[PDB]
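Heads up, the thing below is written out as C-alpha cells.
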Amino acid sequence: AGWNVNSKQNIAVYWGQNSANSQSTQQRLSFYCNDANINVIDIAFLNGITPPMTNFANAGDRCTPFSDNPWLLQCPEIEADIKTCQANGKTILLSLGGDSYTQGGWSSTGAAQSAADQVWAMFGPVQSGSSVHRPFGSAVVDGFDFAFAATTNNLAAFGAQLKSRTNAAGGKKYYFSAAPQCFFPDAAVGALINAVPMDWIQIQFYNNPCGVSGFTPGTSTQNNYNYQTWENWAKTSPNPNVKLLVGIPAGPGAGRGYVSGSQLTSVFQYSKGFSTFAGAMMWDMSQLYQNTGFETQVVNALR
Ligand SMILES: CC(=O)N[C@@H]1[C@@H](O)[C@H](O[C@@H]2O[C@H](CO)[C@@H](O[C@@H]3O[C@H](CO)[C@@H](O[C@@H]4O[C@H](CO)[C@@H](O)[C@H](O)[C@H]4NC(C)=O)[C@H](O)[C@H]3NC(C)=O)[C@H](O)[C@H]2NC(C)=O)[C@@H](CO)O[C@H]1O
C-alpha cells in the first residue's frame, strides 16, 4: 500500500535519468513495479516548469514531443506504467528540478502560484476545462518530490500553491517530499521546507562531507554525518511529524560517497535509532539494478 508512515523500511528510488548511462540499464518504469521492497518511485524529471520540459533519458525514445513545445514529451508507456505501478501498490511521485533545471524559479509570488497551477493541471487530475498538455495522459501522480538543486526564486510560494491544490483535492492522498542535500541549511529547498509541510524529506547523504561516507561506525558521536541536525530541524518544521529517509548512491558511479558492507549496515542501524527515521532513498533505479546484490544489502540493513 505504497508509502507507509508507520514503517522504518520504506525505500524510495528515482527512475528516469538512467544514471548507469548504458543502452539497456533503464527498463520501462513498470519493469521495476514487482519489487516488494521498493514502495515509492520518483519519476525524474520535470526539469523545466515555465516553460515546461520533461527528460526521461532513453525512455523519451517511446515518447512524442508536443508540436508547440518540443521539450515536453507525450509518454503513453510511462502513462500506462504509472497506472500499473499504482495497481501494484506503489506510490509514484513526479520529481521537479534536478541538476538540469536552469530556469531559476519565479520573479513574483504570482508567477510561482500560476506555475504551480500549471503543474497541477498537467500531472494531477485531468481538468475538463484545461488546454494544458498532459505528458502522462489520464495517469495521475501520487504527489511531488522537490529536487531543486540551485537557487529557485519564490519556490516557497510555488510549493504552497501546489500544496493548496492537493489539500483541496478529492480521490486520493497526494504526498509531498523534498530532496535537499545533507549540508545544513540547504540553499535550494531550505526556504520551501521551512514554509510548506512535507510528508517526508529524502536527504541526499552523498556528494558532501556530511554524507553516509563520513559516518564513523562503532560510536554514536558523529562529527560529519549530520542526521541528528536534520532530526532537530524536523521536530519544529511546518509538519513536526515529518519523516526522514537516508538517501544514498545505489552504485559507485551514482554519486560521490557510495557505501556498502559494514559501513552501510552501521549508518542505517545508527539512523534507525531516531524517531524521524522512515527508511532509505536511492539514486537511482538503473544503478541499483546494475549493482548486483546491492538492493539485498540495503533491505538487510533496514531490518
Ligand atoms: C551543498 C553543495 O553545494 N554541495 C555540492 C554538491 O552539490 C556537488 O555535487 C553535486 O551534488 C548534487 C546533489 O547530490 C548532484 O545532483 C544529484 O545527484 C545525482 C548525482 O549524484 C544527479 O544525477 C545526475 O542527474 C542528471 C539529470 O539531472 C543525469 O544527467 C545524470 O545521469 C546524473 N549523474 C549521475 C552520476 O548520476 C541528480 O540530478 C541529483 N539527484 C537528485 C535527487 O536531485 C550533482 O550531480 C553533483 N554535481 C557534480 C558536478 O558532481 C559537489 C561536486 O561539485 O560539491 C558539493 O560541495
Side-chain angles (χ1 to χ4, degrees), residues 10-27 38 40-49 52-61 71 73 92-105 143-152 155 159 175-193 198 200-214 224-227 229-230 233 244-260 279-291 294:
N10 297 278
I11 303 180
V13 182
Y14 286 92
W15 174 97
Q17 293 295 287
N18 192 25
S19 172
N21 187 45
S22 297
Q23 179 177 48
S24 61
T25 50
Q26 184 173 270
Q27 301 295 313
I38 302 177
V40 177
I41 300 175
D42 301 301
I43 301 180
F45 285 111
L46 182 70
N47 58 340
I49 298 171
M53 308 171 159
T54 45
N55 180 290
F56 310 118
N58 49 9
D61 298 351
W71 301 111
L73 299 172
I92 307 298
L93 303 200
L94 173 68
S95 191
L96 314 171
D99 74 3
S100 81
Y101 169 85
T102 56
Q103 294 172 349
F144 300 96
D145 173 63
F146 291 79
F148 293 94
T151 297
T152 310
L155 183 56
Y175 295 108
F176 263 38
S177 66
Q181 296 174 72
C182 58
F183 180 91
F184 191 91
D186 185 88
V189 300
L192 165 76
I193 64 179
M198 299 280 141
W200 68 92
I201 311 285
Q202 48 193 53
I203 302 151
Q204 307 182 47
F205 283 112
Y206 54 91
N207 289 322
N208 290 275
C210 43
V212 291
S213 57
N224 306 306
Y225 178 64
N226 69 346
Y227 188 99
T229 299
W230 285 96
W233 169 85
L244 307 180
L245 300 184
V246 173
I248 70 182
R256 292 192 298 277
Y258 167 81
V259 300
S260 70
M281 171 275 277
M282 286 182 277
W283 180 265
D284 73 352
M285 193 76 71
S286 66
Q287 290 281 9
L288 177 59
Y289 271 65
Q290 171 180 78
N291 189 2
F294 190 68

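In what follows, residues are counted from 1 in the order of the sequence shown. Keep in mind that the numbers below use all heavy atoms, side chains included, and drop hydrogens, waters and symmetry copies. As the structure lists them, so they are numbered: ligands from 1, and atoms in each ligand from 1.
Rounding to the nearest 0.5 Å places CE of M281 at 12.5 Å from CD1 of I11. To the nearest 0.5 Å, the span separating CG on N207 from SG on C182 amounts to 9.0 Å. In this structure, CG in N18 is found 10.5 Å from CG in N55, a value given to the nearest 0.5 Å.
Proximity of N47 to ligand 1, defined as any heavy-atom pair under 4.0 Å, is not found for any part of the residue. Contact annotation: for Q287 versus ligand 1, there are no heavy atoms closer than 4.0 Å. When heavy-atom distances to ligand 1 are checked against a 4.0 Å cut-off, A254 comes that close only through its backbone atoms N, CA, C and O.
Counting only heavy atoms, the protein gets under 4.0 Å from atom 13 (C) of ligand 1. Checking atom 31 (C) of ligand 1 against the protein gives no heavy-atom contact under 4.0 Å.
In the vicinity of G255, heavy-atom distances shorter than 4.0 Å reach the ligand 1 atoms 21 (O).
No side-chain donor-acceptor contact under 3.5 Å links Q26 to the backbone of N58.
Taking any N or O of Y206, backbone or side chain, none lies under 3.5 Å from an N or O belonging to ligand 1. Looking at ligand 1, you'll find an N or O of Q181 within less than 3.5 Å of one of its N or O atoms. The shortest N or O to N or O distance between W283 and ligand 1 is below 3.5 Å.
For the ligand labelled ligand 1, residue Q202 lies outside the 4.0 Å heavy-atom shell. Assignment of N21 to the shell around ligand 1 is not supported, since no heavy atom sits closer than 4.0 Å.
The nearest protein atom to atom 4 (N) of ligand 1, hydrogens excluded, is given as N208 OD1, 2.9 Å; this is a heavy-atom distance. Protein heavy atom nearest atom 56 (C) of ligand 1, with residue, atom name and distance: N207 O, 3.5 Å. The nearest protein atom to atom 36 (C) of ligand 1, hydrogens excluded, is given as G253 O, 3.4 Å; this is a heavy-atom distance. Atom 40 (C) of ligand 1 has as its closest protein heavy atom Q204 OE1, 4.2 Å. What sits closest to atom 48 (N) of ligand 1 on the protein, heavy atoms only, is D99 OD2, 4.8 Å. Taking atom 54 (O) of ligand 1 as the reference point, the nearest protein heavy-atom neighbour is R256 NH2, 4.0 Å. Looking at atom 29 (C) of ligand 1, its nearest protein heavy atom turns out to be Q17 OE1, 3.9 Å. For atom 35 (C) of ligand 1, the closest heavy atom belonging to the protein is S19 OG, 3.4 Å.
Using cut-offs of 30° and 60° on the angle between ring planes, the pair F45 and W283 is parallel. Between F56 and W15, the ring planes are parallel. Angles under 30° get that label, and only those over 60° would be called perpendicular.
Of all heavy-atom pairs between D284 and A250, the closest is O-CB, 3.7 Å.
Here the options are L94, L96, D145, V13, the test is side chain to side chain contact (heavy atoms under 4.5 Å, CB included), and the partner is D42; only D145 passes.
In this structure, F294 has its ring center closer than 6.0 angstrom to the ring center of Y258. Taking the ring centroids of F148 and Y101, they lie under the 6.0 Å cut-off.
If you check the side chains of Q181 and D186, you find no donor sitting under 3.5 Å from an acceptor. With 3.5 Å as the limit, one finds a donor-acceptor pair spanning the side chains of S19 and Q287.
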